There are 2 protein chains.
Amino acid sequence: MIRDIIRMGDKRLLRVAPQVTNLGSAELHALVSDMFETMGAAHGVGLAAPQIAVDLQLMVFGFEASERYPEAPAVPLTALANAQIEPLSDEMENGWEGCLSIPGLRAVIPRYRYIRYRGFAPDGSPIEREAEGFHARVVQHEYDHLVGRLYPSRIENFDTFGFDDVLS
Amino acid sequence: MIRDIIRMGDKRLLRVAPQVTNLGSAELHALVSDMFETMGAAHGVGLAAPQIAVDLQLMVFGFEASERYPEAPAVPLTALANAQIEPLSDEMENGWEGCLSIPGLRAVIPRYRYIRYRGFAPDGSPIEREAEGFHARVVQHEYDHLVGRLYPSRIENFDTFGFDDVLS
Ligand SMILES: CSCC[C@H](NC=O)C(=O)N[C@@H](C)C(=O)O
Ligand SMILES: CSCC[C@H](NC=O)C(=O)N[C@@H](C)C(=O)O
Ligand code: NA
Ligand code: NA
Ligand code: NA
Ligand code: NA
């Protein structure tokens, strides 16, 4: 079932989401199914549960290939609960992001180039991976959603903030 | 003639505009006529020349009444060239702004509560006024456009940044 994506301005995107506690459940599998479906219909590369007004530490992401980010390597399709994230150096990297809760826009956002993330797959198997570049960025971006944070609060150069069809 | 309003992302909104040097001219009157017309069609309370891709220190503003800002007192309809602005105290005030170059959005922006602004009417008569509250805010907002600045770079609380129909 495709869910409605709530847009910036909605208080529900500003919450700190509680943990998932129903790993391996039919309810959770259904929710993640919906998230993948919803992410697909909106052409996202990630999607965070709060974006569909469900207050939980849960995200999905990945693609074989992206139209939006053609140079991006494949990122494994992943559903991740109770994510925690750790930078593996201080090195930052700028890159383009946009948000489905902020349709039509993008900006350049600095993110850690290298991270580790940990959590659980929906069946309850533990996940821990090191990630870099775009893979890392995506997970940081989704992580932010889980703590009530959106990319505009991280823009440093506002000359890069603009509409997709316009930006130059 | 209604002009196209360029949207955030366009480099032309990021320029520092040169002075108007054709006060009292038919060309300038025509340009301001267009600006008032354009501002009217888009339901603005101000509009800055760079928003219609004309690189000049020129702005129009004012209304008898605003649907968008019903509590706002009338601000005199004004066309102002070569504006300069001076705060009259350090007191700041938060209020809602939106931008026609950023359709659909608004945020809370701190502005000087009290200013003086100076410049010329299109016929070349000098204008100097003291202004407060909403009158002041509008002129600051348009002034920003003339130096390559947009309101997102002044947002301090990003919880207030959001879509019009959503914000709560
Ligand atoms: C590259 S980081 C952006 C990840 C998000 N998911 C957000 O919750 C997107 O898929 N964004 C799309 C819309 C994009 O960047 O164009
Ligand atoms: C109240 S300050 C906003 C002034 C601008 N003019 C900008 O160049 C507007 O008229 N904004 C409208 C769209 C609004 O605030 O809703
Ligand atoms: Na928040
Ligand atoms: Na975008
Ligand atoms: Na600028
Ligand atoms: Na608005």
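As deposited, the entry is annotated with X-ray crystallography as its determination method and 2.20 Å as its resolution.

The name given to chain A in the PDB entry is Peptide deformylase, with the source organism recorded as Xanthomonas oryzae pv. oryzae. The heading Function (unreviewed entry) in the UniProt record of chain A holds the text "Removes the formyl group from the N-terminal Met of newly synthesized proteins. Requires at least a dipeptide for an efficient rate of reaction. N-terminal L-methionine is a prerequisite for activity but the enzyme has broad specificity at other positions."

Participant: Any chance you could explain the relation of the copies chain A and chain B here in plain terms?
Facilitator: Note on the identical chains: chain A maps onto chain B by a rotation of 180 degrees and an axial translation of 0.0 Å, with an RMSD of 0.0 Å. The relationship between the two copies is best expressed as a two-fold rotation axis. Relative to the rotation axis, the closest C-alpha in chain A is found at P152 of chain A, a distance of 4.2 Å.

Participant: I would appreciate a short explanation of the pairing of strand β4 (residues 92–99) of chain A in the present structure.
Facilitator: The side chains of a regular strand alternate, residue by residue, between the two faces of the sheet. Residue and element names in this part refer to chain A. Two elements, β4 and strand β5 (residues 102–112), share 7 bridges in a ladder whose sense is antiparallel. In the sheet register, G95 faces β5, and the bridge partner there is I109. Linking β4 back to β5 in an antiparallel pair, the connection comprises 2 residues.

Participant: What's the story with the site of ligand 1 in this structure? I'm lost.
Facilitator: Residue and element names in this part refer to chain A. Neighbouring ligand 1 are 13 residues, the closest being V45, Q51, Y69, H141 and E142. Between an oxygen atom of ligand 1 and a main-chain N or O atom of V45, the distance comes to 2.8 Å. A distance of 3.2 Å separates an oxygen atom of ligand 1 from a polar side-chain atom of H145. Considered on its own, ligand 1 offers 430 Å² of accessible surface; in the complex 96% of this is hidden by protein. If you list the elements that add at least two residues to the shell around ligand 1, you get β4 and α2 (133–146). For the shell around ligand 1, the leading source of residues is α2, giving 4 residues. Among the residues making up the shell around ligand 1, the classes are represented as 4 nonpolar, 6 polar and 3 charged.

Participant: Where do I start with the environment of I6 of chain A in this structure?
Facilitator: Residues and elements named next belong to chain A. Relative to the assigned elements, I6 resides in the segment before α1 (26–41). Residue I6 is classed as buried on the basis of its relative accessible area of 11%. Considered as a pair, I6 and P50 are 44 residues apart in the sequence and their alpha carbons are 8.3 Å apart. Non-local contacts of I6, meaning those with residues more than four positions away in its chain, are made with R12, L13, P50, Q51, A53 and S101.

Participant: Sorry, what's going on with the sheet that holds strand β1 (residues 46–48) of chain A here?
Facilitator: Sheets are built from strands that pair by backbone hydrogen bonding, the pairs being arranged parallel or antiparallel. Residue and element names in this part refer to chain A. Here we have 5 strands laid out as an open sheet, ordered β1-β2-β3-β6-β7, and antiparallel in their pairing. Edge strands, defined here as strands with exactly one partner in the open sheet, are β1 and β7 (126–132). Looking at each pair of strands side by side, their axes are set apart by 35 degrees on average, direction ignored. As defined by bridge partners, strand β6 (residues 114–120) adjoins β7 across 7 bridges and the pair is classed as antiparallel. Residue pairing for β7: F120 is matched across the bridge by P126. Along the sheet face, α1 touches β1, β2 (58–63) and β3 (75–87) and points at about 45 degrees away from the line of β2.

Participant: Can you walk me through the nonpolar core in this structure?
Facilitator: Across soluble globular proteins, you tend to see nonpolar side chains buried next to one another. Judged by nonpolar contacts, the single largest core of 22 residues is most densely connected at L105, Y151 and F161 of chain A together with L105, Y151 and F161 of chain B. Counting residues per element, the ones that place at least two in this core are β5 of chain A together with β5 (102–112) of chain B. The contacts of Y151 of chain B, once residues within four sequence positions are left out, are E97, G98, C99, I102, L105, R106, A107, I109, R111, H141 and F161 of chain B.

What counts, and where the lines are drawn
Residues numbered from 1 in each chain as written, not as in the entry; some residues may be left out. Chains lettered and ligands numbered in written order. Heavy atoms only, no water. UniProt positions renumbered as here; feature names shortened; annotations may be inferred. Least-squares fit on C-alpha atoms. Pairing = 2+ DSSP bridges. Helix = DSSP H or I, 4+ residues; strand = E, 2+ residues; numbered from the N terminus. Near = heavy atom within 4 Å. Polar contact = N/O pair within 3.5 Å; in protein donor to acceptor, adjacent residues only side chain to side chain. Areas by Shrake-Rupley, 256 points an atom, 1.4 Å probe, with all protein chains shown as cover. Nonpolar A, V, L, I, M, F, W, Y, C, P; charged D, E, K, R; others polar. Buried < 20%, exposed > 50% of the residue type's maximum accessible area, 1.4 Å probe, protein only. Contact = heavy atoms within 4.5 Å. Axes fitted to C-alpha atoms, helices over the stretch in contact; angles between N-to-C directions. Core = buried A, V, L, I, M, F, W, Y, C linked by side-chain atoms within 4.5 Å.

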